[PDB]
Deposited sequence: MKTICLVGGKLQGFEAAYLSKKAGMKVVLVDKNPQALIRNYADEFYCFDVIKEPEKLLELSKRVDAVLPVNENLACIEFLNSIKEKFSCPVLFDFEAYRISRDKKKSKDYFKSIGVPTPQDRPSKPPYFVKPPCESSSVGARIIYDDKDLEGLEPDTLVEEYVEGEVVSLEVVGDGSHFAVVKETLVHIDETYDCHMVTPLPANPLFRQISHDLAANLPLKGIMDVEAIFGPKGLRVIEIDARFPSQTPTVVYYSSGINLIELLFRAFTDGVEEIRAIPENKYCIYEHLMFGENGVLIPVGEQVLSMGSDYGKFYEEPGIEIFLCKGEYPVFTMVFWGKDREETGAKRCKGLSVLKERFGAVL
């Protein structure tokens, strides 16, 4: 049995934790927040700030197989970077890749320098898509029809949002599984589903990874626009939502793959279906789709229910949020499981959708 130590107890952390358990690893969580979201989901939980008490972490590091940072707190990351050489286990992170990826303008310079199409900056014609430079979860993302000098203003590119994760080991870059990112009115993601292979997207994602070169995990988001594919961002860190769907649809566990990238090495390159979504239990148990930004306001997050083809997790708080996962051999069965799941909530927990 392997033990993974996660630094970060929210959504990134949940996904890593969730996938570590499928790989049957013990999961140890470090988080500075006593009310860390997944605090009861992890096998062990140590509440401390790693910048304040680095020694506790280095110590943990003597007793785990790997440390995975799963937060986007730049102080935390830079700090981890400055002490990484002292861990007694691999640190499953690419810090240089993260440096380009967290800055959206920098990421766009990177796209351009390797010939990858990306929304045009500062167009004159409305609409403009505008969003902060270094956020995630689409915090601040907005359509427009006095921002900052550094706000990104882009052409609005209509069409589907699509995601691919790549795991690299520095030499080989394993492009995994395409997913469809369903967005809500806040440009947040409330649902993910898997897509058919897309070779162009796959080759672009390989090049992005290979020119770093990536050692660790990144995701590539693209919009399939009316004038072709446009990469809008990359995020070099363990993602939430999509790896679960990649797991059921493709059979690949990204935590497993990420762990191999820093040990064995990885090699390059199922076809089941999976639906993954968030639904807020609203007043009178009317169900409302919500994005990550809501789920992440929660107070406790753990497993609620499971039967074959159906997992349900409850994020407790100011209106509970349910994360549902359904899967099966094809869209049909999955849809059938989605129905059974909803009817579990409906008949037993008073829900209505």
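- Note: segments 146-151, 276-279 of the deposited sequence have no C-alpha coordinates in the structure.
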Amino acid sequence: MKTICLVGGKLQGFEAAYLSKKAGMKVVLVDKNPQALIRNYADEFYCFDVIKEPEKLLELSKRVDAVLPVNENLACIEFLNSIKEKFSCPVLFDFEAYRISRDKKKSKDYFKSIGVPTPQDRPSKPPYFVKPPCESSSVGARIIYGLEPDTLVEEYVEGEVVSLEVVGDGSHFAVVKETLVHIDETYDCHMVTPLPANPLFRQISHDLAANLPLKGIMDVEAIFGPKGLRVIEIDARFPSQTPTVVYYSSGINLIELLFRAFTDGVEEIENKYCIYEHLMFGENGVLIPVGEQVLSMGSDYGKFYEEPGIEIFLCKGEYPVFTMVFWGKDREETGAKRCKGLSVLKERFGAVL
From here on, numbers count along this sequence of modelled residues.
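Rigid core here is just the name for the largest C-alpha set that superposes within 1.5 Å across the two forms.
- Looking at 148-156 and 258-266, the one farther from the shown form in 5 other deposited structures of this protein by average CA distance, after a rigid core fit, turns out to be 148-156.
- The PDB entry reports B-factors from which the mean C-alpha value can be compared for 131-139 and 81-89; the larger average falls on 131-139.
- Once the C-alpha B-factors are averaged per stretch, 147-155 and 70-78 rank with 147-155 first.
- Taking the PDB entry at face value, the top CA B factor among 277, 178, 264, 94 belongs to 264.
- Per the PDB entry, 126 shows the highest C-alpha temperature factor of the residues 168, 239, 194, 126.
- For residue 209, the recorded CA B-factor ranks within the lowest third of the chain. Only modelled residues enter the ranking.
- Residue-level temperature factors show residue 281 in the highest third of its chain, judged at the C-alpha atom.
- In the deposited entry, the Cα temperature factor of residue 22 places it in the middle third of its chain's modelled residues.
- Among the modelled residues of its chain, residue 234 has a C-alpha B-factor that falls in the lowest third according to the deposited record.
- Residue-level temperature factors show residue 313 in the lowest third of its chain, judged at the C-alpha atom.
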